[PDB]
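K.L.:
Let me begin by handing over the structure; questions about it come next.
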Amino acid sequence: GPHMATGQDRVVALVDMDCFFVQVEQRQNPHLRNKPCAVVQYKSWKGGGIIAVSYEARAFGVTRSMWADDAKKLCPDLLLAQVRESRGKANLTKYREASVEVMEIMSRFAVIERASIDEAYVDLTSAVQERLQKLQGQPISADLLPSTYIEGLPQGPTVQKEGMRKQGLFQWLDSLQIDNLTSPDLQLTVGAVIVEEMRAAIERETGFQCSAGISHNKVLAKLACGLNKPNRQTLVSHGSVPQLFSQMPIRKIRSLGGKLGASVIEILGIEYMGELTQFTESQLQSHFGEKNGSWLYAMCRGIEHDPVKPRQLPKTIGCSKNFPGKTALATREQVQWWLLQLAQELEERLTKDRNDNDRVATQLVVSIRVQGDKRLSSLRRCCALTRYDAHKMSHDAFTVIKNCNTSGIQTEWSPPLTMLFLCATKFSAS
DNA sequence: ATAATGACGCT
DNA sequence: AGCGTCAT
Ligand SMILES: Nc1ncnc2c1ncn2[C@H]1C[C@H](O)[C@@H](COP(=O)(O)NP(=O)(O)OP(=O)(O)O)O1
Ligand SMILES: [Mg+2]
Ligand SMILES: [Mg+2]
């Protein structure tokens with residue numbers, strides 16, 4: 001209609017590093033470059049857990065969450081790089097710092113929301129405006145978009161992969177109105193030019209390659225990102241959404257990958273995101289609640305309002321370790337020693353946080369899991385975090401959990417713990 | 001025995 | 001507060 005908002009107000013991108021931990025290890029060790037290789041965590045149980053996989057190794061069917069011993073069965077020449085271990089646990093420091101390299105480069109172009117160790121959303125709306133006045137309304141050359149796909153294109157009245165990409169990009173640019181500075185399609189296009197630049201800057205300055213999605217909101221940008229990996233970027237326009245969603249499995253949309261996703265499918269009897277359009281907002285609210293219903297109604301029309309939160313850094317700092325199977329902690333001395341190992345890494349990261357990012361935490365959350373309980377957390381308790389001191393933090397954590405011990409002989413611990421988790425929260429300026 | 005973390009919703 | 005959900 002004439003009064004219906006179409007969710008084309010913003011230009012939003014999602015940048016995602018390609019096989020990130022592998023690229024970090026390949027940059028450090030050139031022997032691993034352009035080879036089937038994976039990053040593995042621990043190693044005694046079945047060779048350690050695979051947690052990142054180069055595209056060369058993915059062709060052999062190697063995937064994350066696979067034992068390395070099993071990965072070698074699919075790919076005997078697989079090269080492995082191991083995650084650093086400190087105080088008996090995985091230490092991800094190298095990857096955090098690599099991540100900071102990328103995040104700081106992105107921050108030069110626009111405001112970012114860190115979404116994970118290797119992903120960031122970018123609100124490009126302002127950057128695009130000023131680039132549009134700078135560009136004096138001359139056509140946007142395809143040379144400014146050498147790694148960009150236009151989703152849905154080419155269509156209409158042709159065997160080469162890159163050939164296809166160019167065809168669609170040509171069709172898109174030929175159709176574009178540089179006339180209207182407020183045309184959403186034009187804005188996304190300029191957005192993509194900027195992300196081409198941002199992605200060139202990251203590769204030049206860190207050596208890392210990435211993929212990106214450019215669209216009008218977070219969910220579509222994140223969806224766009226995954227359409228042409230690795231080392232490519234995809235523009236999903238508002239107009240592309242109906243065909244794209246028509247065979248897009250519901251579970252693929254961000255936040256619908258779990259139980260709400262499954263219940264949308266089960267209760268409504270549908271499979272694809274586009275099928276949601278046939279229901280009224282009130283019907284969707286009645287089934288999934290007021291907030292989920294409103295979100296769904298809009299999202300299935302490609303409309304979403306979640307803003308890019310201006311935060312390049314975390315707001316909790318935590319350390320955890322699982323103790324699967326036979327390694328479950330069953331003596332009080334064990335529990336105390338591991339609480340201390342966790343507290344020591346935590347103090348380290350915290351001290352760095354106070355120096356670098358000018359800040360102190362004021363609360364400590366202690367989380368454990370008991371054997372057999374197959375939730376992430378069996379129990380969560382809090383206490384004051386007054387001193388960045390590992391022995392006090394570990395002692396305090398024990399204190400707020402020790403009554404969970406069912407054991408008659410309290411030299412021993414029952415039920416056994418299969419997870420310890422310490423998390424610094426409630427940060428303040430300093 | 002697919003980890004180690006982080007953010008947010010509900011009550 | 002403390003637990004449940006979703007994510008990389
Ligand atoms: N189950 C897991 N266990 C341990 N570490 C993991 C993990 N999943 C991811 N990581 C670590 C390791 C990953 O490198 C990093 C990024 O996660 P992604 O972006 O989801 N996956 P990637 O970047 O590898 O591949 P691509 O984006 O090209 O699909 O976080
Ligand atoms: Mg990635
Ligand atoms: Mg990621």
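Every chain in the structure tokens takes a letter, A first, then B, and so on in the order presented; its residues are numbered from 1, and the ligands are numbered from 1 following the presented order.
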Considering only C-alpha atoms (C1' of nucleotides), tabulate each residue of chain A that lies at most 8 Å from chain C along with its nearest interatomic pair and the corresponding distance in Å to one decimal; arrange the rows by chain and ascending residue number and present them as CSV.

P.N.:
```
residue,atom,partner,partner_atom,distance
A:116,CA,C:8,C1',5.8
A:117,CA,C:8,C1',7.5
A:255,CA,C:6,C1',6.1
A:257,CA,C:6,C1',7.6
A:258,CA,C:6,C1',6.9
A:380,CA,C:2,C1',6.5
A:381,CA,C:2,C1',7.6
```

K.L.:
Could you dump the residues just selected with C-alpha atoms as a PDB file, in the first residue's frame?

P.N.:
```pdb
ATOM      1  CA  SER A 116      30.908 -13.906  17.849  1.00  0.00           C
ATOM      2  CA  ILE A 117      34.673 -14.371  17.834  1.00  0.00           C
ATOM      3  CA  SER A 255      16.721 -17.428  16.079  1.00  0.00           C
ATOM      4  CA  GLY A 257      17.134 -22.736  14.463  1.00  0.00           C
ATOM      5  CA  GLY A 258      15.927 -24.257  17.757  1.00  0.00           C
ATOM      6  CA  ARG A 380      23.939 -21.027  38.722  1.00  0.00           C
ATOM      7  CA  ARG A 381      24.931 -18.950  41.760  1.00  0.00           C
TER       8      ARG A 381
END
```

K.L.:
Only residues of chain A matter here; which ones have an atom within 10 Å of chain B, counting only C-alpha atoms (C1' of nucleotides)? Give them as a PyMOL selection string.

P.N.:
chain A and resi 41+45-46+48-51+64-67+89-92+115-117+314-327+421+423

K.L.:
Please extract the residues of range 57-148 of chain A with a backbone DSSP assignment of alpha helix (DSSP H) and present them as a ChimeraX atom specification.

P.N.:
/A:57-58,68-74,93-109,125-134

K.L.:
Which residues form the shell of 12 Å around ligand 3 when you count only C-alpha atoms (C1' of nucleotides) and all ligand atoms, given as a tab-separated table (two decimals) with N, CA and C atoms (P, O5', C5', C4', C3', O3' and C1' of nucleotides), in the first residue's frame?

P.N.:
```tsv
chain	number	residue	atom	x	y	z
A	14	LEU	N	26.63	-8.35	7.41
A	14	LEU	CA	27.20	-9.31	8.35
A	14	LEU	C	28.52	-9.83	7.75
A	15	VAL	N	29.62	-9.61	8.46
A	15	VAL	CA	30.90	-10.13	8.00
A	15	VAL	C	31.28	-11.37	8.80
A	16	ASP	N	31.67	-12.44	8.10
A	16	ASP	CA	31.98	-13.71	8.74
A	16	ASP	C	33.30	-14.25	8.20
A	17	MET	N	34.30	-14.41	9.06
A	17	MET	CA	35.58	-14.96	8.60
A	17	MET	C	35.41	-16.39	8.12
A	18	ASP	N	36.01	-16.69	6.97
A	18	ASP	CA	36.03	-18.04	6.45
A	18	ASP	C	36.96	-18.90	7.30
A	19	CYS	N	36.52	-20.12	7.60
A	19	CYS	CA	37.20	-21.09	8.47
A	19	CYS	C	38.25	-20.43	9.39
A	20	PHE	N	37.76	-19.64	10.33
A	20	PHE	CA	38.59	-18.60	10.94
A	20	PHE	C	39.85	-19.13	11.67
A	21	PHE	N	39.69	-20.10	12.57
A	21	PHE	CA	40.83	-20.63	13.33
A	21	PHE	C	41.86	-21.27	12.38
A	51	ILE	N	37.45	-28.56	15.31
A	51	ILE	CA	36.61	-27.40	15.56
A	51	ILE	C	36.61	-26.37	14.43
A	52	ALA	N	37.47	-26.55	13.45
A	52	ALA	CA	37.43	-25.70	12.26
A	52	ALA	C	38.14	-26.44	11.16
A	99	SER	N	40.95	-11.98	16.14
A	99	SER	CA	39.62	-11.38	16.01
A	99	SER	C	39.67	-9.87	16.23
A	114	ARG	N	29.77	-6.88	17.50
A	114	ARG	CA	30.44	-8.17	17.54
A	114	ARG	C	29.41	-9.26	17.85
A	115	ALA	N	29.31	-10.26	16.97
A	115	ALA	CA	28.27	-11.27	17.10
A	115	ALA	C	28.86	-12.58	17.61
A	116	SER	N	30.16	-12.74	17.39
A	116	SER	CA	30.91	-13.91	17.85
A	116	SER	C	32.39	-13.60	17.67
A	117	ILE	N	33.24	-14.58	17.96
A	117	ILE	CA	34.67	-14.37	17.83
A	117	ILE	C	35.07	-14.02	16.40
A	118	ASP	N	34.28	-14.44	15.39
A	118	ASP	CA	34.63	-14.10	14.00
A	118	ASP	C	33.50	-13.50	13.14
A	119	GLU	N	32.49	-12.92	13.77
A	119	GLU	CA	31.40	-12.30	13.02
A	119	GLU	C	31.08	-10.93	13.60
A	120	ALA	N	30.74	-9.99	12.73
A	120	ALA	CA	30.30	-8.67	13.16
A	120	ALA	C	29.23	-8.10	12.22
A	121	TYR	N	28.17	-7.55	12.80
A	121	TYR	CA	27.23	-6.79	12.01
A	121	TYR	C	27.72	-5.35	11.88
A	210	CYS	N	37.28	-13.28	4.15
A	210	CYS	CA	35.96	-13.41	4.74
A	210	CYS	C	34.85	-13.39	3.71
A	211	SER	N	33.64	-13.71	4.16
A	211	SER	CA	32.44	-13.56	3.35
A	211	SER	C	31.57	-12.53	4.00
A	212	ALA	N	30.63	-11.97	3.23
A	212	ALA	CA	29.74	-10.96	3.78
A	212	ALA	C	28.36	-11.04	3.14
A	222	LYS	N	22.76	-11.85	7.47
A	222	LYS	CA	23.37	-13.09	7.94
A	222	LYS	C	23.03	-14.25	6.98
A	225	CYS	N	25.01	-13.76	3.80
A	225	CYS	CA	26.43	-14.07	3.98
A	225	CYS	C	26.74	-15.52	3.58
A	226	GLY	N	25.87	-16.42	4.01
A	226	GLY	CA	26.09	-17.84	3.81
A	226	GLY	C	25.81	-18.36	2.42
C	7	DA	P	19.42	-20.37	16.46
C	7	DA	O5'	20.93	-19.87	16.67
C	7	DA	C5'	21.25	-18.48	16.64
C	7	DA	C4'	22.66	-18.25	17.15
C	7	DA	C3'	23.73	-19.13	16.53
C	7	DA	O3'	24.19	-18.58	15.31
C	7	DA	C1'	24.08	-18.81	18.88
C	8	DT	P	25.08	-19.49	14.33
C	8	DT	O5'	26.60	-19.16	14.75
C	8	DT	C5'	27.07	-17.83	14.81
C	8	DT	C4'	28.44	-17.80	15.47
C	8	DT	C3'	29.49	-18.68	14.78
C	8	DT	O3'	30.78	-18.04	14.84
C	8	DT	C1'	29.20	-19.40	17.00
```

K.L.:
What does the distance from CA of residue 283 in chain A to CA of residue 299 in chain A come to in Å, to one decimal?

P.N.:
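Atom-to-atom, CA of residue 283 in chain A to CA of residue 299 in chain A, that is 14.9 Å.
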
K.L.:
So how far away is CA of residue 398 in chain A from CA of residue 333 in chain A, in Å?

P.N.:
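Distance between the two atoms: 10.6 Å.
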
K.L.:
If I take CA of residue 400 in chain A and CA of residue 382 in chain A, how far is one from the other in Å, to one decimal?

P.N.:
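It comes out at 7.3 Å.
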
K.L.:
Would you kindly return, as a PyMOL selection string, each protein, DNA or RNA residue with an atom no farther than 9 Å from any atom of residue 427 in chain A, considering only C-alpha atoms (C1' of nucleotides) and excluding same-chain residues fewer than 6 positions away?

P.N.:
chain A and resi 315-316+359-363

K.L.:
Would you mind exporting the chosen residues as a compact mmCIF listing (two decimals), in the first residue's frame, restricted to C-alpha atoms?

P.N.:
```
# COMPACT_ATOMS: atom_id res chain seq x y z
CA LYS A 315 30.00 -7.48 28.52
CA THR A 316 30.78 -10.74 30.33
CA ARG A 359 36.81 -1.45 33.06
CA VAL A 360 36.18 -3.60 36.20
CA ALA A 361 33.68 -6.42 36.88
CA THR A 362 31.65 -6.47 40.10
CA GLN A 363 29.86 -9.81 40.05
```

K.L.:
Assign secondary structure with DSSP using the backbone only, and return the residues of range 192-256 of chain A in strand (DSSP E) as a list in words.

P.N.:
residues 210, 211, 212, 213, 214, 215, 233, 234 and 235 of chain A

K.L.:
Using only C-alpha atoms (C1' of nucleotides), which protein or nucleic acid residues come within 10 Å of residue 300 in chain A? Drop anything in the same chain fewer than 5 positions from it, and give the result as a PyMOL selection string.

P.N.:
chain A and resi 241-242+245-246+250+253+272-278+295

K.L.:
Would you output that residue set with N, CA, C and O atoms, as a PDB file, in the first residue's frame?

P.N.:
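Saved file result_19.pdb follows:
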```
ATOM      1  N   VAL A 241      13.369 -11.183  -1.801  1.00  0.00           N
ATOM      2  CA  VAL A 241      12.939 -11.984  -0.647  1.00  0.00           C
ATOM      3  C   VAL A 241      11.854 -13.015  -0.962  1.00  0.00           C
ATOM      4  O   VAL A 241      11.950 -14.164  -0.505  1.00  0.00           O
ATOM      5  N   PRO A 242      10.813 -12.628  -1.738  1.00  0.00           N
ATOM      6  CA  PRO A 242       9.766 -13.640  -1.964  1.00  0.00           C
ATOM      7  C   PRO A 242      10.256 -14.937  -2.627  1.00  0.00           C
ATOM      8  O   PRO A 242       9.854 -16.009  -2.188  1.00  0.00           O
ATOM      9  N   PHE A 245      12.732 -16.689   0.076  1.00  0.00           N
ATOM     10  CA  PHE A 245      12.026 -17.329   1.185  1.00  0.00           C
ATOM     11  C   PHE A 245      11.121 -18.477   0.765  1.00  0.00           C
ATOM     12  O   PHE A 245      10.780 -19.315   1.599  1.00  0.00           O
ATOM     13  N   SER A 246      10.747 -18.536  -0.514  1.00  0.00           N
ATOM     14  CA  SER A 246       9.783 -19.528  -0.960  1.00  0.00           C
ATOM     15  C   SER A 246      10.254 -20.976  -0.778  1.00  0.00           C
ATOM     16  O   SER A 246       9.421 -21.858  -0.587  1.00  0.00           O
ATOM     17  N   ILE A 250      12.645 -22.997   7.334  1.00  0.00           N
ATOM     18  CA  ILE A 250      12.457 -22.091   8.464  1.00  0.00           C
ATOM     19  C   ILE A 250      13.664 -22.036   9.425  1.00  0.00           C
ATOM     20  O   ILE A 250      14.062 -20.960   9.871  1.00  0.00           O
ATOM     21  N   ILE A 253      16.693 -19.339   9.359  1.00  0.00           N
ATOM     22  CA  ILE A 253      16.621 -17.945   9.782  1.00  0.00           C
ATOM     23  C   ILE A 253      17.110 -17.827  11.231  1.00  0.00           C
ATOM     24  O   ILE A 253      16.738 -18.635  12.098  1.00  0.00           O
ATOM     25  N   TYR A 272       8.655 -23.706   4.786  1.00  0.00           N
ATOM     26  CA  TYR A 272       9.501 -22.633   4.258  1.00  0.00           C
ATOM     27  C   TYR A 272       9.117 -21.284   4.811  1.00  0.00           C
ATOM     28  O   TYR A 272       7.955 -21.057   5.175  1.00  0.00           O
ATOM     29  N   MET A 273      10.093 -20.380   4.876  1.00  0.00           N
ATOM     30  CA  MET A 273       9.843 -19.093   5.510  1.00  0.00           C
ATOM     31  C   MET A 273       8.679 -18.329   4.834  1.00  0.00           C
ATOM     32  O   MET A 273       7.914 -17.628   5.502  1.00  0.00           O
ATOM     33  N   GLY A 274       8.540 -18.485   3.517  1.00  0.00           N
ATOM     34  CA  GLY A 274       7.590 -17.690   2.757  1.00  0.00           C
ATOM     35  C   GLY A 274       6.155 -18.016   3.119  1.00  0.00           C
ATOM     36  O   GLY A 274       5.265 -17.151   3.058  1.00  0.00           O
ATOM     37  N   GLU A 275       5.939 -19.269   3.514  1.00  0.00           N
ATOM     38  CA  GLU A 275       4.610 -19.747   3.870  1.00  0.00           C
ATOM     39  C   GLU A 275       4.027 -19.017   5.072  1.00  0.00           C
ATOM     40  O   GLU A 275       2.822 -19.033   5.268  1.00  0.00           O
ATOM     41  N   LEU A 276       4.863 -18.372   5.876  1.00  0.00           N
ATOM     42  CA  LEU A 276       4.321 -17.611   7.006  1.00  0.00           C
ATOM     43  C   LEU A 276       3.455 -16.410   6.592  1.00  0.00           C
ATOM     44  O   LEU A 276       2.701 -15.889   7.413  1.00  0.00           O
ATOM     45  N   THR A 277       3.568 -15.958   5.341  1.00  0.00           N
ATOM     46  CA  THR A 277       2.895 -14.728   4.943  1.00  0.00           C
ATOM     47  C   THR A 277       1.379 -14.892   4.911  1.00  0.00           C
ATOM     48  O   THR A 277       0.655 -13.906   4.874  1.00  0.00           O
ATOM     49  N   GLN A 278       0.901 -16.129   4.918  1.00  0.00           N
ATOM     50  CA  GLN A 278      -0.519 -16.359   4.700  1.00  0.00           C
ATOM     51  C   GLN A 278      -1.304 -16.213   5.999  1.00  0.00           C
ATOM     52  O   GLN A 278      -2.531 -16.159   5.973  1.00  0.00           O
ATOM     53  N   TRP A 295       7.261 -10.416  15.374  1.00  0.00           N
ATOM     54  CA  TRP A 295       8.542 -10.602  14.712  1.00  0.00           C
ATOM     55  C   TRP A 295       8.440 -11.464  13.453  1.00  0.00           C
ATOM     56  O   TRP A 295       8.938 -11.093  12.376  1.00  0.00           O
TER      57      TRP A 295
END
```
